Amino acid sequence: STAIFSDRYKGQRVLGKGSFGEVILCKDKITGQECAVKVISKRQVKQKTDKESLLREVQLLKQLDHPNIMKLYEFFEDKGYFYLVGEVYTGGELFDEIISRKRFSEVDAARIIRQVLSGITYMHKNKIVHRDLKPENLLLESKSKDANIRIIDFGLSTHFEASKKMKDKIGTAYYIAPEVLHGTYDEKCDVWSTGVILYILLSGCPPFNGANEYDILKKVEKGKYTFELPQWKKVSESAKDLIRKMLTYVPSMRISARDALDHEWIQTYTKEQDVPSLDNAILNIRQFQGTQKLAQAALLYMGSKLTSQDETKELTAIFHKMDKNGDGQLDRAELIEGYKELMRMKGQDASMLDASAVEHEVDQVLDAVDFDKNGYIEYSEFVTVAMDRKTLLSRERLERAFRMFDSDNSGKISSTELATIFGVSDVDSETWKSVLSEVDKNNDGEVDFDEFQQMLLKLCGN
């Protein structure tokens, strides 16, 4: 008898979105153990390996243990999804902790990189490669100041094909090793990516940058970088020597993770116990992160509007089919089956796969619109409220990211800032400039939140 994910775990809430799918906070129905479950949709994510080799990898991943690697507990598969059940970490993404700090030094950078290299070293010893190591794969175990870094997604890229969509690709290009682009790669690609992260920790700027994804990739492929920014004079020679060794082009000549742990810089800056703060780096990192998160948020918002266009008409068609008399009236149980159908096929809400969760969601919608749950209900009104709820939630989510980005509380994003944001979002320059011209009818060279939102709607066919 095949084990079923929903027989064991109940979803608590959505934690967020990472490579290959959504991540839900779930709870064991017997033991109360909380876990983070990555839900991978088989429709949206292609497997690179056969069923056999995935199961073997899962079996190995479950037996591995290292304080800087996410612990994997369980693996399930049904007709539409894979469910990877791992340990929940509450400290958030590393870069989001770093920007909140008042000070940041080479000591703090070295302690971070030692952890990352320690985890990588351990995984490489077990023949597992990450390939997609980047700052958002570095979580802090908890919100404690001394919290360990946990690397997420080790081994997934070997089995699952990366998305080609920009909403899924934000940030990837800065960190990818050149050899990954060309097709022949091995565990050394993780050292390159860690070298890129280190470069960013110490200067707050990517070593390989550009105005759009392809220009970033062209720089990565050339493999050349400099330490000629003003940030770099504050920085020890040994740190730059380690970075050089990690950003060595030919992988056979590149330093291994284990040898990087013995490097002078790691040895000097992580030992027992006066190092100056890297203030310009923190400032740069603040700006870098803010830009990445707004571009991410903008893409997410556009995707949510498109998903709504899709799901709003489908849900209406599902209920119309169920409505035998054509009176427009369905009961709660029918609303639940109709909503269930919608969720199974679309797979845009991993939290709505369990039937109990859909029952709960319908009751939340019904409770919102003052409809009695025990009688017959006008479905067209339920559809409106259920979709309007989602639409409101999406807009609120974009706004929070707009406010986050607007660090001086100006209420505006300048035209220069839009260029950077849309460049990161890989929205064509002539296209957004054109949309900006339709919205900014007075050449102010800046947009407030509503205007930014209007641009995004125009940039997804509205």
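One-based numbering along the sequence shown. Rigid core (definition): largest C-alpha set, two forms, superposition within 1.5 Å.
A.B. asks: Core-aligned, RMS over all structures and residues: is 397 to 405 or 29 to 37 the stretch with the greater C-alpha displacement in 9 other deposited structures of this protein?
C.D. replies: It is 397 to 405 whose C-alphas lie farther from the shown form in 9 other deposited structures of this protein.
A.B. asks: Between 85 to 93 and 289 to 297, which one shows the bigger average Cα displacement from this form in 9 other deposited structures of this protein once the rigid core is aligned?
C.D. replies: Comparing 289 to 297 with 85 to 93, the one that moves more in 9 other deposited structures of this protein is 289 to 297.
A.B. asks: I'd like to know whether residue 355, which is modelled here, goes unmodelled in a third or more of the other compared entries that cover its flanking residues.
C.D. replies: Yes: coordinates for residue 355 absent from at least a third of the compared entries.
A.B. asks: If you look at the other compared entries where the surrounding residues are built, does residue 105 lack coordinates in a third or more?
C.D. replies: No.
A.B. asks: Can you count the deposited residues that have no coordinates between residue 273 and residue 274 and report it as none, 1 to 3, 4 to 9, or 10 or more?
C.D. replies: 1 to 3 residues lack coordinates between residue 273 and residue 274.
A.B. asks: Tell me which stretch, 370 to 378 or 136 to 144, has the higher mean Cα B-factor listed in the entry.
C.D. replies: If you average the C-alpha B-factors of 136 to 144 and of 370 to 378, the larger mean comes out for 370 to 378.
A.B. asks: Is the mean CA B factor in the deposited entry higher across 188 to 196 or across 387 to 395?
C.D. replies: Between 387 to 395 and 188 to 196, it is 387 to 395 that shows the higher mean C-alpha B-factor.
A.B. asks: Of the choices 151, 110, 322, 250, which one's C-alpha carries the largest B-factor in the record?
C.D. replies: Highest C-alpha B-factor among the listed options: 322.
A.B. asks: Which one of 344, 125, 71, 263 shows the biggest C-alpha B-factor in the PDB entry?
C.D. replies: Going by the entry's C-alpha B-factors, 344 comes out highest.
A.B. asks: Lowest, middle or highest third: which one holds residue 440 when the chain's residues are ordered by CA B-factor from the entry?
C.D. replies: Ranked within chain, residue 440 CA B lands in the highest tercile.
A.B. asks: Once the chain's modelled residues are ordered by C-alpha B factor and cut into thirds, is residue 28 in the lowest, middle or highest one?
C.D. replies: CA B-factor rank for residue 28: lowest third.
A.B. asks: According to the PDB entry, is the CA B factor of residue 456 in the bottom, middle or top third of its chain, that is, lowest, middle or highest?
C.D. replies: Lowest third - that is where residue 456 ends up once the chain's C-alpha B-factors are sorted.
A.B. asks: Among the modelled residues of its chain, does the C-alpha B-factor of residue 339 lie in the lowest, middle or highest third?
C.D. replies: Top third by C-alpha B-factor.
A.B. asks: Please rank the C-alpha B-factors of the chain's modelled residues and tell me whether residue 168 sits in the lowest, middle or highest third.
C.D. replies: It belongs to the highest third of the chain when residues are ordered by C-alpha B-factor.
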